[PDB]
Protein chains: 2
Amino acid sequence: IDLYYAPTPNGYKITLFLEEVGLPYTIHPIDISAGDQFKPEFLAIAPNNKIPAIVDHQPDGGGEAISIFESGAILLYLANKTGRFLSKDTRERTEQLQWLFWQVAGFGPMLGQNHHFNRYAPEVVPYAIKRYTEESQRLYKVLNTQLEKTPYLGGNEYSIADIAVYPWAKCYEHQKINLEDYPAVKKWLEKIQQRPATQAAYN
Amino acid sequence: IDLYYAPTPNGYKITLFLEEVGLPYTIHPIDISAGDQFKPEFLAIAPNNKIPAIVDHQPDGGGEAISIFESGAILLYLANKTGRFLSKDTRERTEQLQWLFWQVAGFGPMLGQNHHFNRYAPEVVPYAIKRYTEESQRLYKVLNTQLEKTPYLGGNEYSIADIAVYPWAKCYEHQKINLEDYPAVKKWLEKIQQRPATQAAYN
Ligand SMILES: N[C@@H](CCC(=O)N[C@@H](CS)C(=O)NCC(=O)O)C(=O)O
Ligand SMILES: N[C@@H](CCC(=O)N[C@@H](CS)C(=O)NCC(=O)O)C(=O)O
Ligand SMILES: N[C@@H](CCC(=O)N[C@@H](CS)C(=O)NCC(=O)O)C(=O)O
Ligand SMILES: N[C@@H](CCC(=O)N[C@@H](CS)C(=O)NCC(=O)O)C(=O)O
Ligand SMILES: [Cl-]
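Residues numbered from 1 in each chain as written, not as in the entry; some residues may be left out. Chains lettered and ligands numbered in written order. Heavy atoms only, no water.

## Quick look at the overall build of chain A
Using the following cut-off: Each helix is a run of H or I in the DSSP string that is no shorter than four residues. Each strand is a run of E no shorter than two, and both are numbered from the N terminus. For a compact globule the rule gives 2.2 Å times the number of residues to the power 0.38, and the radius of gyration it is set against comes from C-alpha atoms. Remark: exposure states derive from per-residue accessible area (1.4 Å probe, protein chains only) relative to the maximum for the residue type, with buried under 20%, exposed over 50%, and partly exposed in between. By the convention used here, residues are in contact when the closest approach between their heavy atoms is within 4.5 Å. Note on areas: Shrake-Rupley, 1.4 Å probe, and residue coverage restricted to the protein chains presented here.
Check the secondary structure of chain A and you find eight helices and four strands. Going from the N terminus to the C terminus, chain A shows its helices and strands as β-α-β-α-β-β-α-α-α-α-α-α. Its C-alpha atoms give chain A a radius of gyration of 17 Å, within 12% of the compact-globule value 17 Å for 203 residues. Across its three principal axes, chain A shows a C-alpha extent of roughly 55 × 40 × 30 Å. Counting all 203 residues of chain A, 57% fall into the buried class. Across chain A, contacts joining residues at least 24 apart in sequence account for 62% of those joining residues at least 6 apart. If you sum the accessible surface of chain A, you get close to 9000 Å²; carbon and sulfur atoms cover 48% of it.

## A look at the site of ligand 2
The cut-off we apply is this: We define proximity as follows: a residue is near a molecule or strand when any one of its heavy atoms falls within 4 Å of that partner. The term polar contact refers here to a pair of N or O atoms within 3.5 Å; inside protein, the definition further demands a hydrogen-donor-capable atom paired with an acceptor-capable atom, and it admits residues adjacent in sequence only when both atoms are side-chain atoms.
With respect to spatial proximity, the complete set of residues near ligand 2 consists of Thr 8, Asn 10, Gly 108, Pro 109, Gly 112 and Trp 168 of chain A together with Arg 131 of chain B. Near ligand 2, residues from chains A and B are present, making the site a shared one. One of the side-chain nitrogen or oxygen atoms of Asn 10 of chain A is found 2.8 Å away from an oxygen atom of ligand 2. Within the side chain of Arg 131 of chain B, a nitrogen or oxygen atom sits 2.8 Å from an oxygen atom of ligand 2.

## Description of the interface of chain B and chain A
Here is the rule: Buried area is understood as the total, over both parts, of accessible area removed when two parts are fitted together, assessed with a 1.4 Å probe.
Contacts between the two partners involve 43 residues from chain B, matched on the other side by 43 residues from chain A. Ranking the residues of chain B by area buried against chain A places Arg 91, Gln 98 and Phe 101 of chain B at the top, with a combined share of 19%. For the interface between chain B and chain A, the tally reads 15 residue pairs in polar contact. Every element with two or more residues in the side of chain B that touches chain A is listed here: strand 4 (66-69), helix 3 (71-82), helix 4 (90-117) and helix 5 (126-147) of chain B. Examining the composition of the side of chain B that touches chain A, we find that 16 residues originate from one element, helix 4 of chain B, more than from any other.

## Details of the sheet that holds strand 3 (residues 53-56) of chain B
Pairing between the strands of a sheet comes from backbone hydrogen bonds, and it takes one of two forms, parallel or antiparallel. All names here are of chain B. The condition that has to hold: Criterion used throughout: strands pair if DSSP finds at least two bridges between them. Convention adopted: a line fitted to C-alpha atoms gives each axis, helices being fitted over their contacting stretch, and angles between N-to-C directions are expressed from 0 to 180 degrees.
As summarised here, the arrangement of the four strands in space is 2-1-3-4, forming an open sheet in which the pairing is mixed. Edge strands, defined here as strands with exactly one partner in the open sheet, are strand 2 (26-29) and strand 4. Adjacent strand axes in the sheet meet at a mean angle of 20 degrees when their direction is disregarded. Pairing between strand 1 (residues 2-5) and strand 2: four bridges, direction parallel. When the bridges of strand 2 are listed, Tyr 4 appears paired with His 28. With respect to the sheet, helix 3 is in contact with strand 3 and strand 4, its orientation differing from that of strand 4 by roughly 135 degrees.

## As for the UniProt feature "binding site: glutathione 2" (unreviewed entry) in chain A
Worth spelling out the cut-off: UniProt positions are given in the numbering used here, feature names are shortened, and annotations may be inferred rather than shown by experiment.
Taken from the UniProt record, the annotation "binding site: glutathione 2" (unreviewed entry) applies to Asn 10 and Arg 131 of chain A. On the basis of their most widely separated C-alpha atoms, the annotated residues across 122 residues do not gather in one place, lying as much as 22.7 Å apart. Structurally, the position occupied by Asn 10 of chain A is in helix 1 (residues 9-21). Classification of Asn 10 of chain A by relative accessible area gives partly exposed; the value is 24%. In contact with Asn 10 of chain A, other than residues within four places in its own chain, are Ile 51, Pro 52, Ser 71 and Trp 168 of chain A. With respect to the element layout, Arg 131 of chain A can be found in helix 5 (residues 126-147). By relative accessible area, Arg 131 of chain A is classed as partly exposed at 25%. Not counting residues within four places of it along the chain, the set of residues in contact with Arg 131 of chain A comprises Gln 113, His 116 and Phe 117 of chain B.

Following this line, the structure appears as structure tokens:
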């Protein structure tokens, strides 16, 4: 597995997964501050100009390498290939995938806008900062509400849903989120932080 | 299938799919202007307070009903259940799913911010409107570039990737997008508009 990577929340999703399974991989660093993500060779693999992306040179089918962009798609592909971190039971699987989709469609995109507008003086973008601050709070509340019910996000076991959420939730301080308002999220963060693969990916 | 629905881009994704397959469904209208999405009975099904959501009372397993929120998760679940609009070949499937994820994580979320900031006088939110206008252009360019290469989004056949994108791309005028800049997108919109299920869902 070739992983096109930068040390960002979306990059860490994939190294978390790979470190949990112990699947060999080669990191191809993409310097997103340098614009490496716009180079033609990268766009061939990842036409949306974003990391992460992978190339699997040993697809189950044999044959041509398979390239994939979108962290959610990569997680699903790898979970299917390895049979790890995603249930094969339709009910459990569907719950896990619902929360994966919730992460890629809402948690990541909106917290990312929160990150973006924190690059401005607040007085300069008052409507935007209010919008994304309030939405960040709503998202953490949704997350906390689920984690009050189940030990992991939509289930009894660590899954790709949790792997997708963790690198974003780990950044709560940058999002100006008061984690004391979300005690179940706090305990879940603490729990995932103790996993050796988490420490390895963030080393 | 019970579908919790409003006539919005994300709602139409699901009625497009159901109309293509001819799977019976019951619409449960959720008046999102009235705040129906915050009612406890709805939150039980869709804790993120958004439509669409479904309840499948006849899951393959038999047994308890399965509830699902997130349009991407619903599309995947229904495509798997029916065996329609998503390939069973690993390569084709992976390409389709990559583009599904791209839609739910980027195309929808960012065009939705474009929609939101068009509710303001432009002089009042100059940074936000510029950001989401430029991002909308980037997204249409990515879409157009792919549709120059393949007749449908990541493939030779209409799939859940196309179904996910269409209701958002159909709204280009509202996004202040000049569709003449994206001729492949224009032809693809025209093509999908001719499908009887498209007309049915939008009737
Ligand atoms: N929806 C995408 C988001 C990926 C993303 O936002 N990547 C960022 C770094 S975390 C990136 O490559 N930005 C480069 C750019 O926008 O030019 C995913 O889940 O993979
Ligand atoms: N072009 C991007 C560059 C910054 C970026 O890529 N941010 C990433 C996180 S490193 C993001 O918000 N991704 C959103 C997501 O994951 O959906 C922007 O202006 O926001
Ligand atoms: N990522 C979600 C987005 C769903 C969404 O944005 N739904 C809107 C209508 S299109 C909604 O229910 N808004 C209600 C609210 O935000 O209160 C999906 O793909 O299903
Ligand atoms: N609370 C939402 C209400 C509007 C809404 O739900 N917009 C939908 C479209 S109807 C949206 O942008 N969804 C984003 C997505 O599909 O990811 C907001 O303030 O933006
Ligand atoms: Cl699957």
